[PDB]
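A single chain comes next, written as structure tokens; it is the form deposited in one PDB entry.
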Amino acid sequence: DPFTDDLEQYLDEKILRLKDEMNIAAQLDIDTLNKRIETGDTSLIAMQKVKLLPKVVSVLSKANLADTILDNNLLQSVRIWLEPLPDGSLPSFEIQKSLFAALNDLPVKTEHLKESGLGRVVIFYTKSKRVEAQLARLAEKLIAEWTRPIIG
């Protein structure tokens, strides 16, 4: 039992470490894009999220990591990754699609949405004209499933 607790705490810490790296990557990219606007320097490219994406996708895809992911509010980092950027862009197609596909397979609950604010950005995806249609559809399907417990 202390054996089980130590082991669940090891998982927790690994997911919170990833959560920290995701936030750092997102903030670095925002800093980079701000410097771009302010400087004109076009050799400034914001790629920190793209570099970390494969690690993020691997974690979100492991069935036995779902509880740890949800318990530690990693979805809050996911929300931040989906948010519009300072130069008016959205994150890359690959980021959007990978995150929505992962969200579809995670057993996301109302409490997880309340704690993460994730529903607010996903609803933005059903409306934004910058979103490709097929991803707007994935976003709509997510919203419908998430609201079903309340509204049917």
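Heads up: residue numbers just count along the shown sequence, starting at 1.
Keep in mind the form solved in complex with a partner chain is missing from the figure; the text below concerns it.
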- Hey, of 28 to 36, 50 to 58, 65 to 73, 120 to 128, which bit sits against its partner chain in the deposited complex at 4.5 Å between non-hydrogen atoms? 120 to 128
- Task: Tell me, out of 16, 143, 24, 136, which residue has a non-hydrogen atom within 4.5 angstroms of its partner chain in the deposited complex.
- Result: 143
- Message: With the partner left out here, check for me: in the deposited complex, does some heavy atom of residue 92 sit within 4.5 Å of its partner chain?
- Response: no
- Wondering, does residue 44 line up within 4.5 Å of its partner chain in the deposited complex on heavy atoms? no
- Any of the heavy atoms of residue 107 lying within 4.5 Å of its partner chain in the deposited complex? no
- Message: So in the deposited complex, is its partner chain close enough to residue 101 to count as touching (4.5 Å, heavy atoms)?
- Response: no
